[PDB]
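What follows are structure tokens for two forms of the same protein chain, given separately as structure 1 and structure 2.
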Structure 1
């Protein structure tokens, strides 16, 4: 499973992957937001059809020592082949290369992420001072990490998970 940095030509395929699960499962992403985020997105290619994109994932930095895995989606016709886990592996190595100590994820796929050492947590693990700084973010994923009131209706039932990197 080859995982590589996304290119702008991958964005339509990424968009189709997100829309497949957008709603309760994945937070929506419109096209412009995906172009804007292309330098943090990664894609998995089909093993035998060169250059076809069957999965995507992004690592989003939240603070100096904290990152989040987000927008991990695998083509439903290509699941169960190691693609999801390979994307998470590469995204975690990005977090390491960026010298992050902790990675967050908000998800229903509790056991999938438990394979990588993520454990369920309660609350929001940042100081009160960092919490107030992060509230000025415009990114809705950040508000979901912060558990802000106006996104509470959209995330009910998700598990909050954290991985401390070695």
Structure 2
């Protein structure tokens, strides 16, 4: 299995949404269409080569600061799991992270083994509320960035695990 992983187009957003909706709830955070469209340039999709490039998976990398990214919304069609599509997507995202000149990537996930294959290690966060987080983000600049590591404080909504990768 050699999925093609490529940058998303607006035309893939429906398939992305469908993927999210499959797992949305206590596993993945819900996303509406407008949110996805706006984020489209963060998104990569996996194609099924034998099936004419049909989209069977997705993932996103979101930039927080000059040195830090977060992987989000990685999902694979439940009928296509276990063939390396997932790992392919993550591989791509990490390369993008490198190309962008990021130094670290974090993720919030229940799939700790999956991510551990990529070198992610579980860390103990200091999560805050959404409100506190919004305060932090509003103040965020060079000075604040000196002492505040967003990877540690990013809210944990689903109650999953926090993991970190040093590029």
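Only residues modelled in both forms are compared. Rigid core (definition): largest C-alpha set, two forms, superposition within 1.5 Å. Numbering follows the first chain given and starts at 1.
2 Å-or-more CA mover between structures 1 and 2, where superposition uses the core and the choices are 111, 133, 28, 36
C-alpha shift of at least 2 Å: 133.
Given a superposition on the rigid core, I'd like a yes or no on whether residue 153 shifts its C-alpha by 2 Å or more between structures 1 and 2.
Comparing forms between structures 1 and 2, the residue 153 CA shifts at least 2 Å.
Is it true that residue 18 shifts between structures 1 and 2 by 2 Å or more at the Cα, once the core is aligned?
No, because once the rigid core is superposed, the C-alpha of residue 18 moves less than 2 Å between structures 1 and 2.
Flag for residue 101, CA shift 2 Å or larger between structures 1 and 2 after aligning core:
Residue 101 C-alpha, core-superposed: shift of less than 2 Å.
Keeping the rigid core fixed, what distance in angstrom separates the two C-alpha positions of residue 47 between structures 1 and 2?
Looking at the C-alpha of residue 47 between structures 1 and 2, the offset is 2.6 Å.
Core overlaid, residue 144 C-alpha shift between structures 1 and 2, how many Å?
Between its two positions, the C-alpha of residue 144 lies 20.5 Å apart after core fitting.
Using a rigid core fit, what is the CA shift at residue 86 between structures 1 and 2, in angstrom?
Comparing the two forms, residue 86 shifts 0.1 Å at C-alpha.
As a test: superpose on the rigid core, then list the runs of at least 3 residues whose Cα atoms all move 2 angstroms or more between structures 1 and 2.
Moving stretch: 124-157 alone.
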